[PDB]
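Student: A single structure is presented below for examination.
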Amino acid sequence: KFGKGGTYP
Amino acid sequence: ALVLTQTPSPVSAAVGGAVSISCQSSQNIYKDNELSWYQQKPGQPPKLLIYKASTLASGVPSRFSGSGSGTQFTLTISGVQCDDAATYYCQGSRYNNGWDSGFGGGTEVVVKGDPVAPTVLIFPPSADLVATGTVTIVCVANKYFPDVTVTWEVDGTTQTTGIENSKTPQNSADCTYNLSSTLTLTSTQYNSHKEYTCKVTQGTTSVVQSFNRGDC
Amino acid sequence: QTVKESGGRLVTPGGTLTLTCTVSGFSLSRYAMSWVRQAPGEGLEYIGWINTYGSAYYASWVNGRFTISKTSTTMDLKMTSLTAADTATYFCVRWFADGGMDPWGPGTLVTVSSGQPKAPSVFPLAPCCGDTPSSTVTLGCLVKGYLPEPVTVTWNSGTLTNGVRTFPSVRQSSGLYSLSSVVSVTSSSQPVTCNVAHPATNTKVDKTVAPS
Ligand SMILES: [Ca+2]
Ligand SMILES: [Cl-]
């Protein structure tokens with residue numbers, strides 16, 4: 001998950 | 001290479017019934033569940049329905065549910081409405097020294113509402129259209145379900161070329177279609193015949209409209 | 001949160017085009033983004049993505065023909081050596097860590113063709129003049145000979161919407177596009193006007209249609 005940013009709220 | 005394969009189009013369901021769409025991955029999806037589902041209506045962007053195989057996005061009706069893990073995923077619509085008529089896409093990722101992602105090919109859902117026979121209109125070319133050297137004759141089949149076939153006849157001869165059909169999406173309130181069918185000829189060809197006929201067939205019923213060039 | 005694509009147009013085969021995805025309501029430092037395209041009548045096709053650090057990755061078929069880059073508020077897609085296989089609606093999406101693509105933009109259309117932009121011609125659709133009238137009549141406009149898509153159609157300057165059916169465009173054997181729009185009115189209604197707009201040529205056409 002490097003670079004993959006944030007998860008669905 | 002990750003390949004996602006969906007149930008072939010079309011899939012049908014009666015209003016109030018249930019439909020299931022499969023998405024099979026050629027490889028295990030990341031965490032076994034990084035699979036999402038999208039709804040797309042014609043001319044609109046896709047809409048996220050479900051992510052992580054079974055979690056609904058904000059505002060999505062609970063008649064949508066997702067299940068599966070690993071390689072075999074299912075989207076289910078319970079209490080199908082006309083407003084659910086759409087193409088459905090899965091999207092998945094696996095980690096192979098980087099993110100490898102793909103979409104399934106899409107499954108069109110046809111929602112069966114109350115059957116209704118088309119009304120049919122035919123439009124002769126305007127004088128200024130004929131003056132261009134290329135004639136377009138327009139036939140429309142309004143507010144119908146299920147699908148129709150369209151035949152063009154010109155003084156009794158079935159046309160086999162110059163025909164284009166264009167169908168609206170299913171109506172979100174009553175599941176019905178509309179259809180435009182066009183016959184394109186040269187003005188020379190158009191002026192060499194009398195009777196132009198649009199025949200719209202829905203199973204064992206046909207509705208036929210004609211005009212006589214010269215009477216219009 | 002919104003994303004909006006721009007830059008779609010007619011482009012010559014072999015040509016180069018750059019599309020832009022403009023975002024608002026979220027940081028490109030905090031979320032990944034993707035480009036997805038759809039050829040007319042075909043499925044969604046993943047093109048590539050860009051991570052929060054600006055590293056772009058591509059579908060195996062791209063083969064260095066496309067470049068994805070970003071700024072603080074935009075992401076680009078530069079496409080080279082374009083062919084008819086690249087004619088499509090191009091969408092940008094925010095791509096959540098746990099895989100959901102949301103939101104999507106409206107899409108921008110890339111039309112890879114040798115032709116020149118061409119404005120639509122509009123022709124009235126009215127029933128054969130000899131037909132007995134009934135209480136209601138269906139009138140219409142045929143819009144043809146335009147490139148690229150799309151056109152928009154309204155009736156009476158967007159004030160007539162009930163009983164309007166506007167069909168999907170078709171590409172004619174000429175290579176130009178065509179569509180019709182029809183509307184049902186009371187037989188003694190005032191004439192109705194179709195309003196056709198073609199953004200690519202900044203062309204607007206009105207056509208007033210009356211019972212034959
Ligand atoms: Ca594909
Ligand atoms: Cl894909």
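Each chain of the structure tokens is named A, B, ... in the order shown, its residues numbered from 1; ligands are numbered from 1 in display order.
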Kindly determine which residues of chain A lie within 10 Å of chain B, considering only C-alpha atoms, and give the answer as number ranges by chain.

Tutor: A: 1-2, 4, 8-9

Student: Those selected residues, please, written with C-alpha atoms and delivered as a PDB file, in the first residue's frame.

Tutor:
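Saved to selection-v7.pdb:
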ATOM      1  CA  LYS A   1       0.000   0.000   0.000  1.00  0.00           C
ATOM      2  CA  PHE A   2       3.035   2.394  -0.473  1.00  0.00           C
ATOM      3  CA  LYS A   4      -1.829   4.053  -2.478  1.00  0.00           C
ATOM      4  CA  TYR A   8     -12.867   4.820   1.464  1.00  0.00           C
ATOM      5  CA  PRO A   9     -14.255   6.853   4.459  1.00  0.00           C
TER       6      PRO A   9
END

Student: Which residues are near stretch 52-60 of chain C? Cut-off 6 Å, only C-alpha atoms, ignore same chain within fewer than 3 positions. Put them as a PyMOL selection string.

Tutor: (chain A and resi 3) or (chain C and resi 29+31-32+47-49+68)

Student: Pick out the residues no farther than 9 Å from ligand 1, counting only C-alpha atoms and all ligand atoms, and list them as a list in words.

Tutor: residues 3, 4, 102, 103, 104, 105 and 106 of chain B; 42, 43, 44, 45 and 46 of chain C

Student: Filtering to C-alpha atoms, could you give me those residues as an mmCIF file, in the first residue's frame?

Tutor:
data_model
loop_
_atom_site.group_PDB
_atom_site.id
_atom_site.type_symbol
_atom_site.label_atom_id
_atom_site.label_comp_id
_atom_site.auth_asym_id
_atom_site.auth_seq_id
_atom_site.Cartn_x
_atom_site.Cartn_y
_atom_site.Cartn_z
ATOM 1 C CA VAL B 3 -8.164 -11.218 -16.493
ATOM 2 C CA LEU B 4 -11.674 -10.602 -15.049
ATOM 3 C CA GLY B 102 -8.428 -4.839 -14.818
ATOM 4 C CA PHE B 103 -12.150 -4.530 -15.472
ATOM 5 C CA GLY B 104 -14.536 -7.354 -16.407
ATOM 6 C CA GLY B 105 -16.205 -6.931 -19.822
ATOM 7 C CA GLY B 106 -19.513 -5.670 -18.339
ATOM 8 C CA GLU C 42 -17.439 -1.133 -25.548
ATOM 9 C CA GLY C 43 -16.395 -1.818 -21.916
ATOM 10 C CA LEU C 44 -14.325 0.128 -19.398
ATOM 11 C CA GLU C 45 -10.575 -0.204 -20.023
ATOM 12 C CA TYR C 46 -7.946 0.598 -17.340
#

Student: Pick out the residues sitting within 8 Å of residue C:135, and hand them over as a list in words; count only C-alpha atoms, and ignore anything fewer than 3 positions along from it in its own chain.

Tutor: residues 186, 187 and 188 of chain C

Student: Which chain B residues are at most 7 Å from chain C (counting only C-alpha atoms), as a PyMOL selection string?

Tutor: chain B and resi 34-36+44-46+48+51-52+102-103+105-106+122-124+126+129+166-168+180+211+215-216

Student: Next, dump the selected residues to file, keeping only C-alpha atoms, as an mmCIF file, in the first residue's frame.

Tutor:
data_model
loop_
_atom_site.group_PDB
_atom_site.id
_atom_site.type_symbol
_atom_site.label_atom_id
_atom_site.label_comp_id
_atom_site.auth_asym_id
_atom_site.auth_seq_id
_atom_site.Cartn_x
_atom_site.Cartn_y
_atom_site.Cartn_z
ATOM 1 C CA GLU B 34 -10.170 -5.952 -3.342
ATOM 2 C CA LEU B 35 -12.957 -6.315 -5.954
ATOM 3 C CA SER B 36 -15.368 -3.445 -6.703
ATOM 4 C CA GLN B 44 -23.425 8.559 -17.858
ATOM 5 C CA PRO B 45 -20.171 7.927 -15.942
ATOM 6 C CA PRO B 46 -19.896 4.683 -13.937
ATOM 7 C CA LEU B 48 -19.285 2.846 -7.501
ATOM 8 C CA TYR B 51 -15.873 -2.061 -2.776
ATOM 9 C CA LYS B 52 -13.916 -4.807 -0.946
ATOM 10 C CA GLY B 102 -8.428 -4.839 -14.818
ATOM 11 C CA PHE B 103 -12.150 -4.530 -15.472
ATOM 12 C CA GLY B 105 -16.205 -6.931 -19.822
ATOM 13 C CA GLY B 106 -19.513 -5.670 -18.339
ATOM 14 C CA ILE B 122 -43.029 7.623 -39.994
ATOM 15 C CA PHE B 123 -41.580 10.952 -41.233
ATOM 16 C CA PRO B 124 -40.994 11.715 -44.913
ATOM 17 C CA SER B 126 -38.450 17.588 -45.804
ATOM 18 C CA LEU B 129 -33.475 17.427 -47.155
ATOM 19 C CA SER B 166 -30.921 3.717 -32.341
ATOM 20 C CA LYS B 167 -32.627 2.593 -29.112
ATOM 21 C CA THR B 168 -33.089 4.716 -25.955
ATOM 22 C CA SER B 180 -35.455 5.443 -34.121
ATOM 23 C CA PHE B 211 -46.466 7.128 -46.715
ATOM 24 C CA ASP B 215 -49.021 12.466 -51.470
ATOM 25 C CA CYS B 216 -46.819 14.349 -48.860
#

Student: Name the residues of chain C that fall into strand (DSSP E) according to DSSP on the backbone, using the chain letters and numbers of this document, as a PyMOL selection string.

Tutor: chain C and resi 2-6+10-11+17-24+32-38+45-50+56-58+66-70+74-79+88-95+101-104+108-112+121-125+136-146+152-155+164-166+170-171+177-186+192-198+203-209

Student: Please produce a file of those selected residues containing C-alpha atoms, as a tab-separated table (two decimals), in the first residue's frame.

Tutor:
chain	number	residue	atom	x	y	z
C	2	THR	CA	-15.27	16.17	-7.98
C	3	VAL	CA	-13.02	15.37	-10.95
C	4	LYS	CA	-13.48	16.85	-14.44
C	5	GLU	CA	-11.81	15.77	-17.72
C	6	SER	CA	-10.94	18.26	-20.50
C	10	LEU	CA	-10.96	15.49	-33.20
C	11	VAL	CA	-7.26	14.50	-33.64
C	17	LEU	CA	-3.22	15.00	-27.51
C	18	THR	CA	-2.97	15.86	-23.77
C	19	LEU	CA	-6.07	15.47	-21.59
C	20	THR	CA	-6.40	17.08	-18.16
C	21	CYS	CA	-8.26	15.85	-15.09
C	22	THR	CA	-9.02	18.73	-12.67
C	23	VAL	CA	-9.84	17.70	-9.09
C	24	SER	CA	-11.45	19.49	-6.13
C	32	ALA	CA	-4.12	7.98	-5.98
C	33	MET	CA	-5.81	8.65	-9.35
C	34	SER	CA	-6.46	6.58	-12.48
C	35	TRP	CA	-7.34	7.03	-16.15
C	36	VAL	CA	-10.02	4.67	-17.62
C	37	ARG	CA	-11.38	4.83	-21.21
C	38	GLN	CA	-14.40	3.44	-23.05
C	45	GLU	CA	-10.57	-0.20	-20.02
C	46	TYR	CA	-7.95	0.60	-17.34
C	47	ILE	CA	-5.09	2.78	-18.76
C	48	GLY	CA	-2.89	3.57	-15.78
C	49	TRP	CA	-2.63	5.24	-12.39
C	50	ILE	CA	-0.41	7.69	-10.50
C	56	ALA	CA	2.79	6.63	-12.85
C	57	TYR	CA	2.12	2.97	-13.84
C	58	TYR	CA	0.50	1.65	-17.04
C	66	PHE	CA	1.00	7.43	-22.95
C	67	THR	CA	2.34	9.54	-20.02
C	68	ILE	CA	0.46	10.32	-16.76
C	69	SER	CA	1.73	13.24	-14.66
C	70	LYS	CA	0.24	15.55	-12.01
C	74	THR	CA	-4.56	18.34	-11.99
C	75	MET	CA	-3.52	15.08	-13.60
C	76	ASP	CA	-2.67	14.84	-17.32
C	77	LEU	CA	-2.74	12.02	-19.87
C	78	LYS	CA	-0.42	12.70	-22.82
C	79	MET	CA	-1.17	10.29	-25.70
C	88	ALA	CA	-13.06	6.69	-26.68
C	89	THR	CA	-14.50	8.55	-23.74
C	90	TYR	CA	-11.59	9.13	-21.26
C	91	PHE	CA	-12.49	9.27	-17.56
C	92	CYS	CA	-10.36	10.15	-14.56
C	93	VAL	CA	-11.17	8.63	-11.14
C	94	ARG	CA	-9.88	8.95	-7.62
C	95	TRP	CA	-8.69	5.41	-6.73
C	101	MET	CA	-12.89	4.19	-7.93
C	102	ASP	CA	-14.91	7.25	-6.85
C	103	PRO	CA	-15.69	9.84	-7.95
C	104	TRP	CA	-15.67	9.56	-11.79
C	108	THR	CA	-13.99	13.75	-22.40
C	109	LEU	CA	-14.35	12.29	-25.92
C	110	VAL	CA	-11.25	11.71	-28.12
C	111	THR	CA	-12.18	11.19	-31.78
C	112	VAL	CA	-9.17	9.98	-33.85
C	121	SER	CA	-27.60	20.51	-40.50
C	122	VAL	CA	-31.13	20.31	-39.02
C	123	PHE	CA	-34.26	19.16	-40.88
C	124	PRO	CA	-37.90	19.15	-39.67
C	125	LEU	CA	-39.77	15.87	-39.00
C	136	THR	CA	-52.11	15.27	-30.86
C	137	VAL	CA	-49.15	15.35	-33.28
C	138	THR	CA	-45.51	14.21	-32.94
C	139	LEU	CA	-42.97	16.61	-34.51
C	140	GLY	CA	-39.21	16.38	-34.55
C	141	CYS	CA	-35.80	17.46	-35.77
C	142	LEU	CA	-33.27	15.33	-37.66
C	143	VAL	CA	-29.72	16.50	-36.89
C	144	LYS	CA	-27.09	15.22	-39.35
C	145	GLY	CA	-23.65	15.71	-40.81
C	146	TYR	CA	-21.75	16.70	-37.61
C	152	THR	CA	-27.26	18.81	-27.48
C	153	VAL	CA	-30.99	19.23	-28.31
C	154	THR	CA	-33.57	21.17	-26.30
C	155	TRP	CA	-37.09	22.27	-27.21
C	164	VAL	CA	-39.54	14.59	-25.71
C	165	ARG	CA	-37.48	11.60	-26.93
C	166	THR	CA	-33.92	12.31	-28.12
C	170	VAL	CA	-25.35	7.07	-34.85
C	171	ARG	CA	-22.23	7.40	-37.09
C	177	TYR	CA	-22.97	11.71	-36.93
C	178	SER	CA	-26.79	11.92	-36.95
C	179	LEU	CA	-29.58	11.83	-34.37
C	180	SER	CA	-33.28	12.67	-34.14
C	181	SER	CA	-35.39	14.24	-31.40
C	182	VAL	CA	-39.22	14.09	-31.38
C	183	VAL	CA	-41.86	15.67	-29.12
C	184	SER	CA	-45.63	15.01	-28.86
C	185	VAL	CA	-47.90	18.15	-28.60
C	186	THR	CA	-51.65	18.98	-28.84
C	192	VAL	CA	-42.27	24.12	-31.31
C	193	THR	CA	-38.59	24.90	-31.91
C	194	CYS	CA	-35.70	22.48	-31.56
C	195	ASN	CA	-32.46	24.10	-30.31
C	196	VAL	CA	-29.35	22.21	-31.50
C	197	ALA	CA	-25.88	23.05	-30.14
C	198	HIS	CA	-22.55	21.70	-31.38
C	203	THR	CA	-22.68	26.38	-33.66
C	204	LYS	CA	-26.33	26.73	-32.57
C	205	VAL	CA	-29.22	25.94	-34.91
C	206	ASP	CA	-32.97	26.54	-34.22
C	207	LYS	CA	-35.66	24.90	-36.32
C	208	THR	CA	-39.35	25.74	-35.86
C	209	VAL	CA	-41.52	22.73	-36.82

Student: Per DSSP on the backbone, what are the alpha helix (DSSP H) residues of stretch 24-199 of chain B, as a list in words?

Tutor: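 So, restricting stretch 24-199 of chain B to alpha helix (DSSP H), we get residues 127, 128, 129, 130, 187, 188, 189 and 190 of chain B.
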
Student: Which residues are near residue B:27? Cut-off 9 Å, only C-alpha atoms, ignore same chain within fewer than 3 positions. Put them as a VMD selection string.

Tutor: chain B and resid 1 to 4 24 70 to 71 94

Student: Hey, can you check how far atom CA of residue B:127 sits from atom CA of residue B:152?

Tutor: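 Interatomic distance, atom CA of residue B:127 to atom CA of residue B:152: 21.3 Å.
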
Student: Could you tell me which of C:51, C:72, C:87, C:114 comes closest to chain A if we count only C-alpha atoms?

Tutor: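 So, comparing all the options, the nearest one is C:51.
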
Student: Which residues, written as a ChimeraX atom specification, have at least one atom at most 12 Å from residue B:134, with only C-alpha atoms counted and residues fewer than 2 positions away on the same chain left out?

Tutor: /B:125-132,136-137,162,183-191 /C:144-145,172,174

Student: Write a file of the just-selected residues containing C-alpha atoms, as a PDB file, in the first residue's frame.

Tutor:
ATOM      1  CA  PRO B 125     -37.898  13.806 -45.758  1.00  0.00           C
ATOM      2  CA  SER B 126     -38.450  17.588 -45.804  1.00  0.00           C
ATOM      3  CA  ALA B 127     -38.147  19.290 -49.275  1.00  0.00           C
ATOM      4  CA  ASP B 128     -34.814  20.903 -48.192  1.00  0.00           C
ATOM      5  CA  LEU B 129     -33.475  17.427 -47.155  1.00  0.00           C
ATOM      6  CA  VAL B 130     -34.360  15.928 -50.568  1.00  0.00           C
ATOM      7  CA  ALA B 131     -32.640  19.007 -52.158  1.00  0.00           C
ATOM      8  CA  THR B 132     -29.294  17.894 -50.529  1.00  0.00           C
ATOM      9  CA  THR B 136     -33.188  10.193 -44.638  1.00  0.00           C
ATOM     10  CA  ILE B 137     -36.594   8.699 -43.744  1.00  0.00           C
ATOM     11  CA  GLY B 162     -29.058   2.002 -45.696  1.00  0.00           C
ATOM     12  CA  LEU B 183     -33.483   4.554 -44.160  1.00  0.00           C
ATOM     13  CA  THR B 184     -30.907   6.597 -46.099  1.00  0.00           C
ATOM     14  CA  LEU B 185     -31.080   6.679 -49.935  1.00  0.00           C
ATOM     15  CA  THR B 186     -29.931   9.069 -52.695  1.00  0.00           C
ATOM     16  CA  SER B 187     -32.592  11.601 -53.777  1.00  0.00           C
ATOM     17  CA  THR B 188     -32.479   9.822 -57.191  1.00  0.00           C
ATOM     18  CA  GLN B 189     -33.328   6.467 -55.462  1.00  0.00           C
ATOM     19  CA  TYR B 190     -35.961   8.167 -53.221  1.00  0.00           C
ATOM     20  CA  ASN B 191     -37.692   9.750 -56.264  1.00  0.00           C
TER      21      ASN B 191
ATOM     22  CA  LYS C 144     -27.094  15.218 -39.348  1.00  0.00           C
ATOM     23  CA  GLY C 145     -23.648  15.711 -40.814  1.00  0.00           C
ATOM     24  CA  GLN C 172     -23.427   7.310 -40.762  1.00  0.00           C
ATOM     25  CA  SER C 174     -20.293   9.170 -44.465  1.00  0.00           C
TER      26      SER C 174
END

Student: Hey, which of B:169, B:133, B:92, B:203 ends up closest to ligand 2? Count only C-alpha atoms and all ligand atoms.

Tutor: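 Among the listed residues, the smallest separation from ligand 2 belongs to B:92.
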
Student: To one decimal place in Å, what is the distance between atom CA of residue B:64 and atom CA of residue B:88?

Tutor: 11.6 Å

Student: Quote the spacing between atom CA of residue B:59 and atom CA of residue B:170 in Å to one decimal place.

Tutor: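 It comes out at 22.5 Å.
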